[PDB]
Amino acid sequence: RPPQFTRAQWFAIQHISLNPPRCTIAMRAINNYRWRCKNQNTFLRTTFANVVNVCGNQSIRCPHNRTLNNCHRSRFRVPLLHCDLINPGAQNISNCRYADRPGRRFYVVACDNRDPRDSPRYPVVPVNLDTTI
């Protein structure tokens, strides 16, 4: 996480996009903050507010980060865009290319208490996209 973003803000940058460009473009926003291109990333085509509501759902064991049980499953599926790295050997991050996989899935988010810099409108916020189902 880049220090200038709260965990919730970084979650949104990586995983919330109502209308994302194709992955090779969309992923630049993330990979600019990296030495190596991210192997995979999912953008949920929804709103931050909608994800905050999912933080109020039943807490469960996190599927992909199993040391934690602050995860929450959406009650319904959302449209989304999955991005998969096609050229992992790549020179600089500007040269990374991604395959696009539009889809529609449930999601599982880890949620924590808000950063003091996050709006008091959400006492609890999503901080990781653990997986989609």
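All residue numbers refer to positions in the sequence shown, first residue = 1.
Asker: Mean CA temperature factor from the deposited coordinates, higher in 66-74 or in 28-36?
Answerer: Taking the mean C-alpha B-factor of 28-36 and of 66-74, the larger value falls to 28-36.
Asker: So, looking at the entry's B-factor column for Cα atoms, which has the higher mean, 7-15 or 112-120?
Answerer: It is 112-120.
Asker: If I read the C-alpha B-factors straight from the PDB entry, which of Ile60, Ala49, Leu85, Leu44 is highest?
Answerer: Answer for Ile60, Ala49, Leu85, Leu44: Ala49, with the highest C-alpha B-factor.
Asker: Could you say whether, by C-alpha temperature factor, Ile133 belongs to the lowest, middle or highest third of its chain?
Answerer: Highest third.
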